[PDB]
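> these are from a larger complex, still in place; more later:
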Amino acid sequence: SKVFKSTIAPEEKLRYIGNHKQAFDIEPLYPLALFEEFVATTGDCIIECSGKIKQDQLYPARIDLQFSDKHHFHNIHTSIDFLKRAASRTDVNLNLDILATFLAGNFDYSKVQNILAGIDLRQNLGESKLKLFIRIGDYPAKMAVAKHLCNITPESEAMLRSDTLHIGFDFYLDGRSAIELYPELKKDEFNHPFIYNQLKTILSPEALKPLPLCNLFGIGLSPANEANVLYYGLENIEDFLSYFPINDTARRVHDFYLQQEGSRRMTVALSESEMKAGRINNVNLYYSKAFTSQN
C-alpha cells in the first residue's frame, strides 16, 4: 500500500478535527469533506482549529493546516488542487486572480518560508471561504506585487518588514476574494526600547498590555478589514483569561481547548476597539496541535 511510513496515522489528524466538530456541532458544510481528505494526504503538519465569535454568534468551521516540511512547491501545488477541486461544484466560483497575480512568472519557491491552507465555512454557501497563506523572505519582486495587491498606503508600508512578508488569501465561494498582509514582531523585537516606545505612539496602552505574555504580536492589513486586526501569540494558554475578558460564547471555545491535548500556545485576533472595551464580544481564537513523525 503506502511507500512512506510515518508514526502519524491520518486518523489522528481527522480525530483532532473531529473533536472540534463534535464540541461545536459542526454538521457537513461544503467543502469540509474535501478538506478533510486533503488533510489525510499531508505529511508533517500543524493543524489549527479556530472559532470566530461575533456577539452571541459562533462560527466554528474554521480549520488551518500548516505544512511542517520544506517542500514549498509541492505543498503550494497540493493546496491549489484543493482549491480547484472545491471550485468544481457548478454553483461555486472561486476567483483566484489575485493568487495567480502573486504566483505569476518564474516564481522562486526557494524564497517561501511557510504555507497554510484552510477553510472558514458557513451555512451560507456564498459566505463560506477557502484560505491560502504564504510567507516569503527576501523576495523584493513578489513583496512589491503583494503590497500593490493589498493597496497599502505609505503609512501601512512602514509596518511591513523588508526581510519577511506574511501573505494570506481569502476565496469566498460566491466569487469574492481578498488579500491580507500580516506584519509581525517577535518578543526579542518588540522588547527593543527603540521599537516599543514607537508602539506607544500608534497603539493604545490597552493594546500593549498583553505583550509580556506573547512571543509574537502582529497586525492584519487588508482592504476587506473594517479596521486593522490585532494578533497576539500567547506563550501560555493559561494566561489568556487574565488579560482577555471574552464573552460567554467565546468562553465555551476557550474552555474546551484548555483541556485539549496539543500546543500550550494560542492565538487571539481582535480589533483595537475590542481591546479598549470592558468585554471582548468580537474575536478569533486559534488553537493547534502538532503532527510530526518520530522516524
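Looks like it came in fine. Numbering: from 1, shown residues only, chains lettered A, B, ... in the order given.

> residue A:91 touches residue A:125, doesn't it?
Yes. When contacts are counted by CB atoms under 8 Å, residue A:91 is listed as touching residue A:125 (7.2 Å). In short, each C-beta sits where N, CA and C put it, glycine included.

> between those two, which one's more packed in?
In terms of neighbours (other CB atoms under 10 Å), residue A:125 is the more surrounded of residue A:91 and residue A:125; the figures are 15 against 9.

> tell me how far the closest residue to that one other than its chain neighbours lies from residue A:23.
Among residues not flanking residue A:125 along the chain, residue A:173 sits closest, at 5.5 Å (CB to CB, 6 or more residues apart in numbering). With distances defined as CB to CB, to the nearest Å, the gap from residue A:173 to residue A:23 amounts to 25 Å.

> same question, residue A:32
15 Å.

> now residue A:12
Distance check for residue A:12 against residue A:23: by CB to CB, it reads 17 Å.

> who has more neighbours, the two?
Neighbours were tallied for residue A:12 and for residue A:23 using other CB under 10 Å; the higher tally belongs to residue A:23 (17 against 13).

> okay, now residue A:217: neighbour count?
Residues near residue A:217, counting by other CB under 10 Å: 24.

> in which helix or strand would I find it?
When elements are defined using DSSP states H and E, residue A:217 is found to belong to strand A:214-220.

> and if you look at residue A:89?
Secondary structure from DSSP H and E places residue A:89 outside every helix and strand.

> so who does it touch?
Contact criterion CB atoms under 8 Å, 6 or more residues apart in numbering gives A:30-31 as the residues in contact with residue A:89.

> what does it show for phi and psi?
Torsion angles at residue A:89 (phi, psi; degrees, to the nearest 10) stand at phi -60, psi 140.

> could you check how far it is from residue A:130?
12 Å.

> between those two, which contacts overlap?
Between them, residue A:89 and residue A:130 have residue A:31 as joint contacts when contacts are counted by CB under 8 Å, 6+ apart.

> A helix includes residue A:232, no?
No. When classified by DSSP: H, G, I helix; E, B strand; the rest coil, residue A:232 is found to be strand rather than part of a helix.

> residues near it, how many?
Per other CB under 10 Å, the neighbour tally for residue A:232 reads 22.

> hey, what's it bridged with?
Here residue A:232 shows beta-bridge partners residue A:217, residue A:268, assigned using DSSP bridges.

> wouldn't it be in contact with residue A:220 here?
No. Applying CB under 8 Å, one finds residue A:232 not in contact with residue A:220, separated by 11.9 Å.

> joint contacts of the two?
Where contact means CB under 8 Å, 6+ apart, the residues bridging residue A:232 and residue A:220 through contact with each are residue A:269.

> and the residue most central in space within chain A, backbone torsions?
Averaging the C-alpha coordinates of chain A gives a centre point, and the residue nearest to it by CA atoms, centre = their mean is residue A:64 (6.4 Å). Here the main-chain torsion angles of residue A:64 (degrees, to the nearest 10) amount to phi -130, psi 140.

> how about residue A:91?
Dihedral pair for residue A:91: phi -90, psi 10, per degrees, to the nearest 10.

> and residue A:28, by the same measure?
For residue A:28, the backbone dihedrals (degrees, to the nearest 10) come out as phi -60, psi 120.

> what about residue A:89, distance to residue A:122?
If you go by CB to CB, the gap between residue A:89 and residue A:122 works out to 15 Å.

> here is chain B, add it in:
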Amino acid sequence: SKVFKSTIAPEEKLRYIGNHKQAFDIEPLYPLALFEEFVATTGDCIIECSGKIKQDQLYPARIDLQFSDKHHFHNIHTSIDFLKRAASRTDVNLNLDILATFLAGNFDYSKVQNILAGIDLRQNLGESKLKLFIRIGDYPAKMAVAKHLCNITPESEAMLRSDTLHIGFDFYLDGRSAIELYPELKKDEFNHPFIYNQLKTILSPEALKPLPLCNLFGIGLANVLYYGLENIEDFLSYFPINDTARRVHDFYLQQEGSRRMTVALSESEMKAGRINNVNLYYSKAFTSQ
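Take a look at chain B, now in place beside the chains above:
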C-alpha cells in the same frame, strides 16, 4: 457467498440515490449514510427522491423507500432498526413513543398494507427528521389508536375511510415527534359524479383542475394536497412552478424511472399564478426477475 439468487444488488439502488446527491450537491448530512446502508439491505422496493422548495430555497435531502413485498413484520422491523441506529449518536434525540404506542400489544401485522421509511435532512441537525409511513386496513382497534394520537377533529373524521388509514410518523433529531393521517381517493372515486360534486364544495375549482391527470388524490392532515400524476409530461401544464422547482423537475425529466410523479402543496399555491412552495416526488422501482 450469498443464498438468494433473486437478491437485488444494492448498486443500482445506491446509484439512483447517488444521482440525486450529485445533481443537487447534497452534503453527507446525518444520517444519510446509515439510510443508504439500510436501503442496501432491502429487497423489492420503490425508491422515491424528493425536493422541497420554499420560494428560492431547495431542500433535496429527501429520500423514501416503499417496500414492495408483503413481509410487513420484517420490513417494519428493519425500518425500526434504522431508526434506532440513527438515534444512537449522542447528540441525537429520537422520541419513538408515538410509534411505540401505535405498535403496542399483539399487533396484527396481517392488517398492514404498505410500509415506507424515509428521511428529510437539513443543515441544522435538530430540523432533520426521519419518517415512517404505515397503511393499515380493517383494523378497528389500531385505527382508533392512530385517531386518538392525531387528536382527530370531527370535521376531519369525515375525510377518512372506514377500512383504510394511511398513517405517517415524523421523528425530528431533537426529540420532536408527530403523527398525521392521509385521506386518499383513487381515480374511480374522485371522478365519480357523486364524489366529485361534493368535492366542488369543499375544494376550490383551481385545486380540482389537475384531477384529469391524476390516478391518486389525497390530503395530509394548513392542509397539503397531494397529486399522483400518471404522466410526468403533463406536470408543467397544470403546475406553473418557479425556476427553483423547475431545476428539480427538469433533472427528472431526463432520468430513468417511473413515468409517474407526485406534487404536494397547499391549496393557496394552487390559486396562485406561480407555485413557490411545493414538494416534488420522483421514483424508480427495483424488482427482482
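
> with chain B now part of the structure, what is the answer for the contacts of residue A:89?
Applying CB atoms under 8 Å, 6 or more residues apart in numbering or on different chains to residue A:89 gives the contacts A:30-31, B:25.

> hang on, I meant residue A:257
Residue A:257 sits in contact with A:49, A:237, A:266, A:285, A:287, where contact means CB under 8 Å, 6+ apart.

> residues of the helix or strand hosting residue A:74 that come out buried?
The secondary structure element spanning residue A:74 is helix A:72-86 (assigned by DSSP H and E). Judged by neighbour count (16 or more other CB atoms under 10 Å in any protein chain shown), helix A:72-86 contains these buried residues: A:72, A:75-76, A:78-80, A:82-83, A:86.

> among those residues, which are within reach of chain B?
Of the entries in these, none also sits close to chain B under the rule CB under 8 Å from any CB of the partner chain.

> which residues of the stretch 151-295 of chain A fall in helices?
Remark: helices of the stretch 151-295 of chain A, listed N- to C-terminal, are A:154-157, A:187-190, A:193-202, A:205-208, A:248-257, A:272-275; assignment by DSSP state H, counting those that start in this stretch.

> before we move on, the earlier item: once you drop chain neighbours, what's closest to the residue nearest to the centre of chain A?
By the measure of CB to CB, 6 or more residues apart in numbering or on different chains, the closest residue to residue A:64 outside its immediate chain neighbours is residue A:118, 3.4 Å from it.

> that neighbour pairs with what?
residue A:64, residue A:131.

> is it true that it touches residue A:62?
Yes. Under the criterion of CB under 8 Å, residue A:118 makes contact with residue A:62 at 7.3 Å.

> coming back round to it: between the buried residues of helix A:72-86, which is nearest chain B?
Of all these, the one sitting nearest chain B is residue A:86; the distance, using CB to the nearest CB, is 11.7 Å.

> wait, what's in contact with the closest one?
The neighbourhood of residue A:86, defined by CB under 8 Å, 6+ apart, consists of A:30-31, A:34-35, A:92, A:94, A:130, A:173.

> in helices, which of those residues appear?
The helices, defined by DSSP state H, take in A:34-35 from those.

> burial of the residue of the stretch 1-150 of chain A found nearest chain B, as a residue count?
As assessed by CB to the nearest CB, chain B sits closest to residue A:28 within the stretch 1-150 of chain A, at 3.9 Å. The number of residues packed around residue A:28, counting by other CB atoms under 10 Å in any protein chain shown, is 18.

> check residue A:178 too.
Using other CB under 10 Å, residue A:178 has 18 other residues around it.

> that one and residue A:167 touch, don't they?
No. Counting by CB under 8 Å, residue A:178 stays clear of residue A:167, with 11.5 Å between them.

> now residue A:208. Nearest residue, chain neighbours left out?
Leaving aside its sequence neighbours, residue A:208 sits nearest to residue A:199 (CB to CB, 6+ apart; 6.3 Å).

> how close does the one you found get to chain B?
Applying CB to the nearest CB, to the nearest Å, the value for residue A:199 to chain B is 44 Å.

> do I have it right that that residue meets residue A:191?
No. Counting by CB under 8 Å, residue A:199 sits too far from residue A:191 to count as a contact (10.5 Å).

> between the two, which is the more surrounded one?
Using other CB under 10 Å, the more surrounded residue of residue A:199 and residue A:191 is residue A:199, with 15 against 12.

> ok, now which ones touch the residue of the stretch 151-295 of chain A at minimum distance from chain B?
Per CB to the nearest CB, residue A:173 is where the stretch 151-295 of chain A lies closest to chain B, at 11.4 Å. With contacts taken as CB under 8 Å, 6+ apart, residue A:173 has the following neighbours: A:30, A:86, A:92-94, A:125-130.
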